[PDB]
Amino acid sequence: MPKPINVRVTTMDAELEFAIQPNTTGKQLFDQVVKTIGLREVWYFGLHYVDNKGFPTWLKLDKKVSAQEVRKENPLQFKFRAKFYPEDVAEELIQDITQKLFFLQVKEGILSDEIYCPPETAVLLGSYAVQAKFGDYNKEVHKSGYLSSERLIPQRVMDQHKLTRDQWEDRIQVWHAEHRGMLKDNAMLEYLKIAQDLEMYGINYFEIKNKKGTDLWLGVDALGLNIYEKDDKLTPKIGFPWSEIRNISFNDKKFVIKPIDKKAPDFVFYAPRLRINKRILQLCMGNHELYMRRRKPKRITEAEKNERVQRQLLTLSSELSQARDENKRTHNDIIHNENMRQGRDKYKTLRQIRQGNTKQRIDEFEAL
């Protein structure tokens, strides 16, 4: 008689605990999870685990779960998370639940400083998250200190302003009040629309090298491939949109990305670890396929589309200037500020690094 296998699956805000069988496939486990939570925009999501050798792995839906060398423990431990992001959160997400799971996952990344976020944006996001959780601010319900348990902003932002925790709470409350009338779901959407303009939003970074051995980063996202220099993960230097990419493959350490324009050269780079390379391939093909499906069945910021949000950000800029402690800036702070001083942003930079033909950009790449 087959022995049942106890599993535990967590989403950003729930846990599921049930038993599967030795013949249960990843797809069957995945389907049980999404059905339980009522999630139907399944193309964005996957189950993540650690294998019996210590490596973070995404579950294959085709294979038996018992055959994927999941770390032996009772219960087996999985995390249900977004593996891919939409190109534009505003145009694409359909369900409340889908929006929520993205909102929670992105917010976790911002708060942990996995995703760099400048002070004024961080604070405004914080106030939108507060609107989402609490609903309309009401002085007679939300007495002083209602925010005392909240993770409002990244520690870095707190470290560089001469404000107390109580002052941070006072300031976030004022902005919370500004969002009166906004449905919780739309506050979650507004949060995502703001966050999606961040330099590091939605990007998976991988250590790579060009031919002459220069250490670089590869960025894989819904829009395409970016190349970063070793000490600057905010500012891509060279870019290849998915529209120019025919296929992606690798062998051992060598990645070959072929062009749609057959007369263009191949984009070639190196990455040292087999397991990581399998993941890079999956992320590339996955993002590429979604990209193509959107088109064959000029990007601006949320601030630029949304005059009110634009004013809110600049009002916060003025409000935070006095309290700023200029000796507390981090490396990423410094990079971001210099980009801003030059008038740059995510989309301007993306268009800039994508100019020139494929060969010119590959030649730049090999020169780094």
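Residue indices: 1-based, along the sequence shown.
The deposited sequence places 10 or more unmodelled residues between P297 and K298. According to the PDB record, 142-150 carries the higher mean C-alpha B-factor of the two stretches 142-150 and 269-277. Of the two segments examined, 51-59 and 312-320, it is 51-59 that shows the higher average Cα temperature factor in the deposited entry. Highest CA B-factor among the listed residues (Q77, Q99, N287, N251): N251. You'll see in the entry that, of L223, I260, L216, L104, the Cα B factor peaks at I260. In the PDB entry, a CA B factor belonging to the lowest third of its chain's modelled residues is recorded for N204. The deposited CA B-factor of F240 belongs to the middle third of values across its chain. The PDB entry assigns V42 a C-alpha temperature factor belonging to the lowest third of its chain's modelled residues.
Among the modelled residues of the chain, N186 sits in the middle third by CA temperature factor in this PDB entry. The PDB entry assigns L124 a C-alpha temperature factor belonging to the lowest third of its chain's modelled residues.
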